[PDB]
Amino acid sequence: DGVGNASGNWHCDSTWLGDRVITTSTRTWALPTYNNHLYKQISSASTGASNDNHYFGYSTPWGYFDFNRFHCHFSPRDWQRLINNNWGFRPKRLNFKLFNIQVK
Amino acid sequence: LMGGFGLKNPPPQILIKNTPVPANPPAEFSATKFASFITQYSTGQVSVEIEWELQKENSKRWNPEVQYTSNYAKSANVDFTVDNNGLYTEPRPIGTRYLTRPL
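Okay, structure coming up:
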């Protein structure tokens, strides 16, 4: 509980239990200000595209966390220790944490 | 020096023989013991069951380690299998030093 007190530790271990593997992974992030806080609407009129590449949408000042790749959780060693002696895997539960926030 | 486990009390030697079944003795007595036996032999099955204590790796190595893989290629004869006429062959010696750890 800040200011001079850290609100989380660096957990990045990977414990291989018996019929399961728990992979933890801490990263340092950086978040800018997007659109100068605006909801700018985006489309394909200004681009001059083909019929196939037309779009209509909205860009936001919000960021998003994504951890949707397998190397975000598995090291190359833990991947090798996964693919070579397992006939399958599936995720059971995740556990997200966001800590040590510094606004500059 | 050949490798292996030095044991003061090793697994004991199991020794086996056929009991001598003699042929017909003569009618009168003779103390020159026996040269005439019934030519025989035995067969059977034998099963040995050793339990081995493993030591798991506790490695914090990052990159993949060196393994014993079989060469996936178009092969005429699979390694460590029988031949076209049933001869079991072992194509190469396999050690046991593949994993690594710091000194």
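Note that the protein sequences, when read in sequence, are chains A and A'. A prime marks a further copy of an entry chain.
End of the first sequence sits at 322 in the deposited numbering; the numbers just go up one at a time, nothing left out.
End of the second sequence sits at 736 in the deposited numbering; the numbers just go up one at a time, nothing left out.
Positions of the beta carbon are idealized from the N, C-alpha and C atoms, including for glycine.
When the cut-off is 9 Å and only beta carbons count, does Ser293 (chain A) lie next to chain A'?
yes
Does the distance from the CB of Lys315 (chain A) to the CB of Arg238 (chain A) come in under 9 Å?
no
Using the beta-carbon of each residue, which ones in chain A are nearer than 7 Å to residue 586 (chain A')?
Given a span of 634 to 736 for chain A' in the structure shown, any question on residue 586 (chain A') remains unanswerable.
Just how far apart, CA to CA, sit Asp219 (chain A) and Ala248 (chain A)?
21 Å
Where does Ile301 (chain A) sit, in a helix, a strand or coil, going by DSSP?
helix
Supposed close pair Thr241 (chain A), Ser232 (chain A) - CB separation, criterion 8 Å:
5 Å
Taking the beta strand (DSSP E) that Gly275 (chain A) falls in, what are its first and last residues?
274-276
Taking all protein chains shown into account, decide if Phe292 (chain A) is buried (16 or more other Cβ within 10 angstroms of its Cβ) or exposed.
buried
Quick one, which residues of the region 670-697 of chain A' are near chain A if we go by CB-CB under 7 Å, in chain order?
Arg694, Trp695, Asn696, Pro697
With contact counted as at least three CB pairs below 8 Å, one residue from each stretch, are the region 692-700 of chain A' and the region 656-667 of chain A' in contact?
no
So what's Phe285 (chain A) in DSSP terms, helix, strand or just coil?
coil
Put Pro294 (chain A) into one of helix, strand or coil per three-state DSSP.
helix
If you reduce the DSSP assignment to three classes, tell me which class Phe314 (chain A) lands in.
coil
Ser675 (chain A') by DSSP, collapsed to three states: which one?
coil
Excluding the 5 residues preceding and the 5 following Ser225 (chain A) in the sequence, name in chain order all residues of the same chain whose CB lies nearer than 6 Å to its CB.
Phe317, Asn318
Applying the 10 Å Cβ sphere with the 16-neighbour rule, what's the burial state of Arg299 (chain A)?
buried
Thinking C-alpha only, which one of A':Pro735, A':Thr733, A':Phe638 is nearest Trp685 (chain A')?
A':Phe638
Taking only runs of the alpha helix (DSSP H) that begin and end inside the region 668-716 of chain A', which ones reach a length of at least 4 residues, in chain order?
none
From the DSSP output, read off the bridge partner residues of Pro655 (chain A').
A':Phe670
Across which residues does DSSP place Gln259 (chain A) in a beta bridge pair?
A:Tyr276
Tell me the DSSP secondary structure of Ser232 (chain A) in three-state form.
strand
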